[PDB]
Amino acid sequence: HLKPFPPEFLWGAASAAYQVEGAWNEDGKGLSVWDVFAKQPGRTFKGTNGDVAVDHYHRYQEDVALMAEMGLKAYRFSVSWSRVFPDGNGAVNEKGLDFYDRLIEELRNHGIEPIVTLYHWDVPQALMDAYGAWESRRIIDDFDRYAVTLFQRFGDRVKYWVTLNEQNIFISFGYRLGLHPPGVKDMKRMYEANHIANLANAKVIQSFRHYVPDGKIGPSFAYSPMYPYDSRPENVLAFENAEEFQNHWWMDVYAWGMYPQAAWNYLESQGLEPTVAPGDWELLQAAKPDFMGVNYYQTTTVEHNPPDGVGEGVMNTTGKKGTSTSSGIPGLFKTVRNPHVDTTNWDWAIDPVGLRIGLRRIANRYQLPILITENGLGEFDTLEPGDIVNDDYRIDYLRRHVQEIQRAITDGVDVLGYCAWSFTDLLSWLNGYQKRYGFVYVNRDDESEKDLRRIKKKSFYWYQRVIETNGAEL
């Protein structure tokens, strides 16, 4: 007998500003690190970039009416820092704030709760130019000025806020794998920039307590719960290293203000541990979040990895199935295909029960409420004549994840809401446009913007029914 979804459960959907807005040089917006990176040749699928994206900046009113028709209870979006401070830390672009004001007003006038994400990967280029952005401590105060600017302008209308969205991705993709800006492949610099982001996070949570005393705020972590391949003790041990190094490394800082010891000692043994200043631990420990945000797509299965063993593996940005290979850290763990789950064409595992597992781990380890800030399925959609999109594959994935969330709630996990990724189809950072996630199909591809028309997919009407019945009908 399942607990019901609670009465104020934030049934939501989400986007990120670069992926959706366009208008990259309008109304005073400065360059982000992503405006600049995606235009370097070879960085992105087919040269795709966010110049136009799906033009949500101009078309937000249409998108909001669609949200209202779906009956959305919450919409999570991010603010483009480079629209508010074109040079990152100088004078404010009022026109940039005015767009988010019009957006928020449009949401409120249809009864939709705004969830504001402060940072979704788009630090202004001028901060990268002046001091290397997340690699310098200067960013702590610059990010704080920006956050407080938002808090003051919108704090009376926005109760739910997300600080850093998937810090583990933007930091590791940016500084270890070289796949995101600034395109660095240097572990030492990765862990230093990570430490600085931890500080910036805590700093803004602290300012939030002053400026938005009734709000709720948290970071959002990209969480792939680890599993051991089997009961072989070395594989279990690899599991312990993987969960600690990939997951606790961030979440313990967010929840407890502390890095876990074994991962710290491994880094220290390699000269990789971050530089710690007087006052750092005190800041990090005094900034407890109201919730842990969680972005969940899949779990990861691991096995023993000897010290001469696997390092970086092949990622899959095409969509040919079976092309991904093992990744790891030599001597600690490496990934392996989980034989007991399907995968998408991009090799992401489909593991709804894993969401239950990850939610149960976070409650068990931190006792924190959880806002699920992203979850969804990306696939090719076919637009059929008569503006029809039958995305049963997406419904099937959403249905099963939302069911497991109900199981977690029944187990006692305090889940505040669920934001499907994404509302409209949007631009993939690297993969272009054909890997779609939306409830609302957007008519464009990697080569032409077409008319950018919005077309409700079958999943739209499915989620609309989920919301109308508060989850009883899936």
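Numbers for residues come from their place in the sequence shown, where the first is 1. Definition used throughout: the rigid core is the maximal C-alpha set that superposes within 1.5 Å between two forms.
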| query | finding |
| --- | --- |
| RMS CA shift, core-fitted in 5 other deposited structures of this protein, bigger for 136-144 or for 313-321 | 313-321 |
| Mean Cα B-factor comparison, 335-343 or 154-162, giving the higher one as deposited | 335-343 |
| Between the two ranges 268-276 and 145-153, the one averaging a larger CA B factor in the entry | 268-276 |
| Residue of maximum C-alpha B factor among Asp129, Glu234, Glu192, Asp122, per deposited coordinates | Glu234 |
| Candidate residues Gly28, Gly438, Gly50, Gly47, the one whose C-alpha B factor the record puts highest | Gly47 |
| Position of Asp252 among the chain's modelled residues by C-alpha B-factor, lowest, middle or highest third | lowest |
| For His210, the third of its chain into which the C-alpha B factor falls | highest |
| Third of chain Cα B-factors occupied by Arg102 | middle |
| Entry-reported Cα temperature factor of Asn443, expressed as the chain third it lands in | middle |
| For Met258, the third of its chain into which the C-alpha B factor falls | highest |
